[PDB]
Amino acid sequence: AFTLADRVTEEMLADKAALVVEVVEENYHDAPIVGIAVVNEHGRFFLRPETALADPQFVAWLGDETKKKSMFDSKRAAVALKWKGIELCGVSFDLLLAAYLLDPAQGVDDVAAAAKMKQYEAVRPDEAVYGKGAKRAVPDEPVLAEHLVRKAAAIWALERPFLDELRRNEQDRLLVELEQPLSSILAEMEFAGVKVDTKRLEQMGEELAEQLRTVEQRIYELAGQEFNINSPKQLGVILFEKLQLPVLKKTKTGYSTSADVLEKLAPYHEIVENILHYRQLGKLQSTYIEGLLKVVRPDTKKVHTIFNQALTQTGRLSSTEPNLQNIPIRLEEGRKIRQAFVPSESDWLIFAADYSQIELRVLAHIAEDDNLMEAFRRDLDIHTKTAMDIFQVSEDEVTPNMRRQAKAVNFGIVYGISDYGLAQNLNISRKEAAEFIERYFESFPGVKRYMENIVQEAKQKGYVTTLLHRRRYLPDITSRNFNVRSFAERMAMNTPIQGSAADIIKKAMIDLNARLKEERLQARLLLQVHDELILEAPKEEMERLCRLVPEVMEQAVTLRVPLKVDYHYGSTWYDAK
């Protein structure tokens, strides 16, 4: 049982408690808090939020760093409270982040899923209480209060076992000194938001719509027929079958119309290049322009992303609504969408800094490959140097296609691509792709040793780790299915690289946030995507940031090779280049 309280009492405000501040809406920005539960040494309490959040003693307790709180996904509560003008401090244990560090593959999305990891089942899944989809609804207070109280009781009971296993894993500091402090920095970033120039966005959409009408009219002209170009089925009817173009690749059900396949079909009919153009502009328009305009808050003309800190299996952050990482880094209209992201105040500017080749630099360090480390200590062009070694040619002898092929081999390492995906990448056979890989290993024998050694370690221990002791379990590394084992092998190889890079960027964000406040700068972190950190700041702060930000980022950790940072600033995210 528990106290369904009508008012806040002093025994509810002890200096250690499990706390539940429930936000049912998936997007928690400016969203309702439907109820509150507190479990501490004196009992179990349910508080109605309209009551507790107006109580000065309760508000002071929430904001008191010395009053320690154990929670699940504290960033959600922290942000929903920020929109109410209330500060949450003193969160000493976050069970979502603890379960994520223990085993990111579990997919722990609620208290019940984390509780099940330690045989605790006296709590329901959130989906059982609130329902999913069209049926989703807050239940009546008796059902709601029991659920919130059981979640707090579970949290109270699970802190010690989770912390104990974290300590056995040497992940206790990872949680306490990296993920939890980062959680709060993300909260501030999400709350601050990023100003969007919606008039510029609507202009680009208008530009695209006119271009799409032009190309679409041309496609119907060449097809001799109207159809939904956006329907891969109707389009497969028209390309193959009608226009008799070869079928070079099949889909599980019908005709494949992938971009990779269409480019090879272009020499046969003028429609293909226009189909390719329609899909380019179509995805910019439909996914990015219209997608971004939907998530801009009209009150403040900002987008307020949500970072999922406990999702990837590498430790990389991910973000949604909007996912600004997914914005293209390529075309002279994809990356230009970044012109719509502007400073939120007059006479402020965007400052953007990004790690240069951090993954390959991490690989140099972990593998202690002599040639790769010397390349970075010389600050070489890594793709040019790789081409020199693979093709045994001098720097002036490297042609553009040689550099492209070396860069594709390096890209394969950074993202853990199979030789078939390298072959697919380079439009070459798997045999040729394999001999490319072998020549790489001849020039970087330390990388080869690392790749053999890490697979063997994964087989022996069951998992691999990153620089700051993140882990990834790889049960499929034993599989007799070739493709399943091969993927686990590539994840054994890739996760210490990508995940250690994630570690460094997170530590950099923490280090930078501390330095900015030490320095009493108004500059603020706004986004972290790819290997980049984006800030905004008064224009009067740019010269100081030009020294401060790269220094903090370069010194976040000390590797056997230097860390290199490129930095720019400008009037938009695009112009910070």
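From 1 onward, residues are counted along the sequence shown.
S.K.: Tell me which stretch has the larger mean Cα B-factor in this entry, 500-508 or 236-244.
M.R.: Averaging CA B-factors over each stretch, the winner is 236-244.
S.K.: Between 174-182 and 126-134, which has the larger average Cα B-factor in the PDB entry?
M.R.: Here the higher of the two C-alpha B-factor means belongs to 126-134.
S.K.: Between 187, 153, 112, 222, where does the Cα B-factor run highest in the record?
M.R.: In the PDB entry, the greatest C-alpha B-factor among 187, 153, 112, 222 is found at 222.
S.K.: Using the temperature factors in the entry, find which of 465, 494, 456, 285 has the highest value at its Cα atom.
M.R.: Result of the comparison over 465, 494, 456, 285: 285.
S.K.: What third of the chain, by the recorded C-alpha B-factor, contains residue 249?
M.R.: Ranked within chain, residue 249 CA B lands in the highest tercile.
S.K.: Comparing against every modelled residue in the chain, figure out the third that the C-alpha B-factor of residue 314 lands in (lowest, middle or highest).
M.R.: Middle third, going by the recorded CA B-factors of the chain.
S.K.: Which third of the chain holds residue 24 when residues are ordered by C-alpha B factor: lowest, middle or highest?
M.R.: Ranked within chain, residue 24 CA B lands in the middle tercile.
S.K.: Would you please rank residue 37 by its C-alpha temperature factor against the other modelled residues of its chain and give the third it falls in: lowest, middle or highest?
M.R.: For residue 37, the deposited C-alpha B-factor lands in the lowest third.
S.K.: Can you work out whether the C-alpha temperature factor of residue 48 puts it in the lowest, middle or highest third of the chain?
M.R.: Within its chain, residue 48 is a highest-third residue by C-alpha B-factor, going by the deposited values.
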